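J.: What would the 3D arrangement of this be:
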Amino acid sequence: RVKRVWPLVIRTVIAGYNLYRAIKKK
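T.: Residues are numbered from 1 along each chain as shown. For reference, the structure is listed below:
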């Protein structure tokens with residue numbers, strides 16, 4: 001598998017829909 005593709009791209013989707021939405025959905 002890949003080790004690092006998008007450094008900032010993902011950080012946006014993750015920091016915008018994976019920082020609270022994802023966490024809370026543990």
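
J.: Contacts only, for the most centrally placed residue in the chain.
T.: By CA atoms, centre = their mean, the chain has its centre lying nearest to residue 14, at 2.3 Å. Applying CB atoms under 8 Å, 6 or more residues apart in numbering to residue 14 gives the contacts residue 22. Every C-beta, even on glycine, is put in place using the N, C-alpha and C of the backbone.

J.: That one sits in which helix or strand?
T.: Per DSSP states H and E, residue 14 falls inside helix 9-17.

J.: now that helix, how far from the chain's geometric center?
T.: Chain-centre distance of helix 9-17: 4 Å, with CA atoms, centre = their mean, to the nearest Å.

J.: what do you get for stretch 14-22?
T.: 6 Å.

J.: End to end on it, go ahead and measure it.
T.: 8 Å (CA to CA, to the nearest Å).

J.: buried sites along that stretch?
T.: In terms of neighbour count (16 or more other CB atoms under 10 Å), stretch 14-22 has no buried residues at all.

J.: how much space between the residue nearest to the centre of the chain and residue 4?
T.: Using CB to CB, to the nearest Å, we find residue 14 at a distance of 13 Å from residue 4.

J.: for residue 25, same thing?
T.: Counting by CB to CB, the gap from residue 25 to residue 4 is 25 Å.

J.: Same question for residue 17.
T.: 20 Å.

J.: Same question for residue 18.
T.: Applying CB to CB to residue 18 and residue 4 gives a distance of 17 Å.

J.: likewise residue 26?
T.: In terms of CB to CB, residue 26 sits 25 Å off from residue 4.

J.: and what of residue 24?
T.: Taking CB to CB, one finds residue 24 at 26 Å from residue 4.

J.: mind checking the SS state of residue 23?
T.: With DSSP: H, G, I helix; E, B strand; the rest coil as the basis, the three-state label of residue 23 is helix.

J.: Identify the residues contacting it.
T.: Residue 23 touches nothing, counting by CB under 8 Å, 6+ apart.

J.: Stretch 13-26: end-to-end distance?
T.: End-to-end for stretch 13-26, by CA to CA: 17 Å.

J.: same question but for stretch 3-13, I mixed them up
T.: 18 Å.
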